[PDB]
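Chains as they are written, first to last, in my numbering: chain A, 18 to 49; chain B, -17 to 114; chain C, 13 to 115; chain D, 2 to 94; chain E, 283 to 610. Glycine included, C-beta positions come from ideal geometry on N, C-alpha and C. This report concerns only the one structure given below.
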């Protein structure tokens, strides 16, 4: 059950990278 | 089975009563006639102090086997004393897994609050920008 | 005039690329030690973050279909450094919760 | 090893050997052989070692070593107006 | 002549038996390889045309027995041949038992084994090791088999077994691929470190150094410290550890190389111990050149260090022109 948490831990920090891109894309559009 | 002085199979074993060790009579006798001492510990020993190996007395014995009650009891010590170390292998490895789980679930609990805010902020930036 | 230096450098560069892929493959898989279950992923959803880790587990393992293989090391390091900033009193709250899960 | 093994006895004998082993080192630790050669020439004839050591110094930091070996009034006047000047002050004074 | 007679062979059987008696006579002349080899290939060919005639394997065994009577690696080619047709016969294992009877009796048959093991794969491991009891390409091939099966560590063992054989020549041919691969696998320090240690007895230094930098660093620098291109590398890695060593490296470097020592000294004092470095620039410029004159002239020009020392410098370089011109 510890090994199932490690997959979710590293899978979540991949999902934050796409969410940061959607925020970065938004900050560019707000400036325009 | 062996003589400690020569290293042969002694044909007349006599055990000393100062350093407990089975010597061959003919070998140890010459060692005593050289100087009255025990060869191993160098403690004083005479020929009368040396004693031949004997049948105990009147109680009949049997050879050392797995059946024999005392040999069976010392066996069950080996069983439990080995199984007690088997428990340490799982107690010590449990203290590493639960310690890594504690830091893992804390990093999970510290991170998922930041996933909840970015899902708020990236959707709020889409809610803000699309309306303008 | 290089000779057996480009071959040594190509082996050194191919050695570097293998060091980047093995480390960034997976944290749990690379360190130390499941059956494929699309019905378990379907039953668990019936919430979005749980479905993301389920597809991540099915991809790395490769009634089991593979597909996901495009989702790199630099973006994960900045993601790890950012989350570390957000995270005596913190040490005791982790020791108390570990005793609760142990019970 | 045989060239360095040639014993330094007196001043000119060791300085003669310094010519031998230095040429042997030259033709074939380049800095440590030069340093052991510098001590052999300096630790010698003392009048003739000023022209012997310095003659193979330019071939062998440079400004400081030359000033110590060369060490006269006219030489300082010639310097103020760098290996050739130390050579002029070594042979004359 | 037996071949032209064979072309002439209506009593072909007569010409063939005459070829056999001819073998009985020619055998006396043989006191062998290609003679015995063609003798066997032709005898078995007679049993092959006999086989086409349904006239044959038994007599083929008889002529092969005569090959046993022959009195050697080419004879092993003959055993390889009787085994070859014997397997082509439709009794594969039965012949292998015979070649095995010969080797157990004890090598030429092994070339047939490579002819056989190559397709015997399509378990095979012991079949392959039988060769090791009695060819680097074969070795790398077999390790590639286990690699295809991904036995990994077992495969590395094979490279252990090869190198104990061929010594510092062929062993290198094994060892370069073995290094590139095993480093590719585990990517524990001590084991691979030891492996390079075993290995060491030029490119090996570079693989090894490449390992050390990214898995102790100074230790690696010591290893490089332990040819011009090699000097150039070390200097690069030392620069990677920071600038200060590199000026230091050149001093090691001095003992075309003067161009490199000049290359290091250029930014050394040029960016500037600094006095020892400038005097070293003089010692190097004097060590063995018009661009260098432009360099010293640049160093003189840089001062807002004296026409006298400059003219003395050009004088010394002129003296170098004198010693150079004096050379035959």
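*Evaluate contact between the stretch 501 to 508 of chain E and the stretch 38 to 51 of chain C, counting only Cβ atoms and requiring at least three cross-stretch pairs below 8 Å.*
no
*Does the count of Cβ pairs from the stretch 81 to 99 of chain C and the stretch 49 to 56 of chain C closer than 8 Å reach three?*
no
*9 Å Cβ cut-off: residues of chain D touching residue 557 (chain E)*: Along the fifth chain, one-based indexing puts residue 557 (chain E) at 275. Within 9 Å Cβ-Cβ: 62, 64 and 65.
*Is the Cβ-Cβ distance between residue -1 (chain B) and residue 35 (chain B) less than 7 Å?*
Stepping through the second chain from its first residue, residue -1 (chain B) is reached at position 17. Stepping through the second chain from its first residue, residue 35 (chain B) is reached at position 53. For residue -1 (chain B) and residue 35 (chain B), no; Cβs fall outside 7 Å.
*Counting only runs of 4+ residues fully inside the stretch 379 to 410 of chain E, write out the alpha helix (DSSP H) ranges in chain order.*
Under the rule that a run must span 4 or more residues, the alpha helix (DSSP H) segments found entirely inside the stretch 379 to 410 of chain E read 392 to 402.
*chain E partners of residue 20 (chain C), CB-CB under 9 Å?*
For the purposes of this step, residue 20 (chain C) is taken as the residue at position 8 of the third chain. Per Cβ cutoff of 9 Å: 484, 485, 488, 489 and 492.
*Proximal residues, the stretch 65 to 92 of chain B versus chain A, C-beta separation under 9 Å*: 79, 80, 82, 83, 86, 87, 89 and 90
_So, for residue 402 (chain E): in the same chain, excluding its five sequence neighbours on each side, which residues have a beta-carbon less than 7 Å away from its beta-carbon?_
For the purposes of this step, residue 402 (chain E) is taken as the residue at position 120 of the fifth chain. Spatial neighbours of residue 402 (chain E) in its own chain (CB-CB distance under 7 Å, excluding positions within 5 residues in sequence) are listed in chain order as 409.
_residue 61 (chain C) and residue 88 (chain B) closer than 7 Å at C-beta_ = Taking the third chain and counting its residues from 1, the one referred to as residue 61 (chain C) is at position 49. Taking the second chain and counting its residues from 1, the one referred to as residue 88 (chain B) is at position 106. Not a contact, by the Cβ cut-off of 7 Å.
*asked:* Is the beta carbon of residue 381 (chain E) closer than 7 Å to that of residue 391 (chain E)?
replied: Indexing the fifth chain from 1 puts residue 391 (chain E) at position 109. Indexing the fifth chain from 1 puts residue 381 (chain E) at position 99. For residue 391 (chain E) and residue 381 (chain E), yes; Cβs fall inside 7 Å.
*What are the boundary residues of the beta strand (DSSP E) that includes residue 456 (chain E)?*
Numbered from 1 along the fifth chain, position 174 holds the residue referred to as residue 456 (chain E). Per DSSP, residue 456 (chain E) belongs to no beta strand (DSSP E); it is in the alpha helix (DSSP H), 435 to 468.
*Can you give me the Cβ contacts of residue 83 (chain D) inside the same chain, cut-off strictly under 8 Å, excluding the 5 residues immediately before and after it?*
Counting from 1 along the fourth chain, the entry for residue 83 (chain D) is found at position 82. Take residue 83 (chain D), set aside five residues on each side of it, and the residues of its chain with a beta-carbon closer than 8 Å to its own are 63, 64 and 67, in chain order.
_Beta-carbon separation (whole angstroms), residue 544 (chain E) vs residue 566 (chain E), contact threshold 8 Å_ = The residue labelled residue 544 (chain E) in the question sits at position 262 within the fifth chain. The residue labelled residue 566 (chain E) in the question sits at position 284 within the fifth chain. That pair is a contact at about 6 Å.
*asked:* Taking 7 Å as the limit between beta carbons, can you name the residues of its chain near residue 321 (chain E), skipping five residues before and five after?
replied: In the fifth chain, the residue the question calls residue 321 (chain E) occupies position 39. Cβ within range, chain order: 305.
*Give the straight-line distance between the Cα atoms of residue 15 (chain D) and residue 535 (chain E), rounded to the nearest whole angstrom.*
Taking the fourth chain and counting its residues from 1, the one referred to as residue 15 (chain D) is at position 14. Taking the fifth chain and counting its residues from 1, the one referred to as residue 535 (chain E) is at position 253. If you take the alpha carbons of residue 15 (chain D) and residue 535 (chain E), they lie about 30 Å apart.
_Classify residue 3 (chain A): buried if its beta carbon has 16 or more other beta carbons within 10 angstroms, exposed otherwise._
As shown, chain A starts at 18 and ends at 49. That puts residue 3 (chain A) outside it, with no answer to give.
*Compare the Cα-Cα distances from residue 9 (chain D) to each of D:42, D:30 and D:32 and report the closest residue.*
Counted from its first residue, the fourth chain places residue 9 (chain D) at position 8. The option with the nearest alpha carbon to residue 9 (chain D) is D:42.
*Three-state class that DSSP yields for residue 432 (chain E) in the structure shown*: Residue mapping note: residue 432 (chain E) aligns to position 150 of the fifth chain, counting from 1. Coil at residue 432 (chain E), not helix or strand.
*Just confirm the distance between the C-beta atoms of residue 1 (chain D) and residue 4 (chain D), as a whole number of angstroms; I'd bet it's less than 8 Å.*
This structure does not reach residue 1 (chain D), given that chain D is present from 2 up to 94, and the question cannot be answered.
*Buried or exposed: residue 492 (chain E), going by 16 or more other Cβ atoms within 10 Å of its Cβ?*
Numbered from its first residue, the fifth chain carries residue 492 (chain E) at position 210. Taking a 10 Å sphere around the C-beta of residue 492 (chain E), we find 16 or more other C-beta atoms and assign the residue as buried.
*When D:37, D:77, D:81 and D:47 are compared against residue 61 (chain D), the one with the closest alpha-carbon*: Position 60 of the fourth chain, counting from 1, holds the residue named residue 61 (chain D). It is D:37 whose Cα lies nearest to the Cα of residue 61 (chain D).
*Between residue 461 (chain E) and residue 441 (chain E), is the Cβ-Cβ spacing less than 7 Å?*
By 1-based counting over the fifth chain, the position of residue 461 (chain E) is 179. By 1-based counting over the fifth chain, the position of residue 441 (chain E) is 159. Cβ distance not < 7 Å, so residue 461 (chain E) and residue 441 (chain E) don't count as in contact.
_Spatial neighbours of residue 413 (chain E) in its chain, beta-carbon cut-off 8 Å, leaving aside the 5 residues before and after_ = Position 131 of the fifth chain holds residue 413 (chain E). Same-chain partners within the cutoff: 392, 395, 396, 399 and 420.
*asked:* Is there a C-beta anywhere in chain D that falls below 7 Å from the one on residue 537 (chain E)?
replied: For the purposes of this step, residue 537 (chain E) is taken as the residue at position 255 of the fifth chain. Yes, because at least one Cβ of chain D sits closer than 7 Å to the Cβ of residue 537 (chain E).
_Looking at the secondary structure, which residues open and close the beta strand (DSSP E) in which residue 6 (chain B) lies?_
Locating residue 6 (chain B) in the second chain gives position 24, counting from the first residue. Taken as a continuous stretch (DSSP letters only), the beta strand (DSSP E) holding residue 6 (chain B) covers 4 to 6.
_DSSP state of residue -3 (chain B) mapped onto helix, strand, coil_ = Residue -3 (chain B) sits at position 15 when you count from the first residue of the second chain. Correct three-state label for residue -3 (chain B): strand.
*Could one say the Cβ of residue 40 (chain C) lies closer than 7 Å to chain A's Cβ atoms, at least one of them?*
Locating residue 40 (chain C) in the third chain gives position 28, counting from the first residue. Yes - at least one Cβ of chain A is within 7 Å of the one on residue 40 (chain C).
*In three-state DSSP terms, what is residue 14 (chain B)?*
Counting from 1 along the second chain, the entry for residue 14 (chain B) is found at position 32. Helix at residue 14 (chain B).
*asked:* Using only the alpha-carbon positions, how far apart do residue 599 (chain E) and residue 473 (chain E) sit?
replied: Here residue 599 (chain E) refers to the residue found at position 317 when the fifth chain is read from its first residue. Here residue 473 (chain E) refers to the residue found at position 191 when the fifth chain is read from its first residue. Going by the C-alpha atoms only, they are around 55 Å apart.
*Give the interface partners of residue 44 (chain A) over in chain B, defined as CB-CB distance under 8 Å, in chain order.*
In the first chain, residue 44 (chain A) corresponds to position 27, counting from 1. Near residue 44 (chain A) (Cβ distances below 8 Å), the residues of chain B are 107.
_Measuring straight from C-alpha to C-alpha, what distance separates residue 56 (chain D) and residue 7 (chain D)?_
The count along the fourth chain starts at 1 and reaches residue 56 (chain D) at position 55. The count along the fourth chain starts at 1 and reaches residue 7 (chain D) at position 6. Whole-angstrom Cα-Cα distance: 22 Å.
_I'd like to confirm the pairing. Which residues does DSSP put opposite residue 33 (chain B) in its beta bridges?_
Along the second chain, read from residue 1 onward, the residue named residue 33 (chain B) stands at position 51. Looking at the DSSP assignment, residue 33 (chain B) forms a beta bridge with B:-3.
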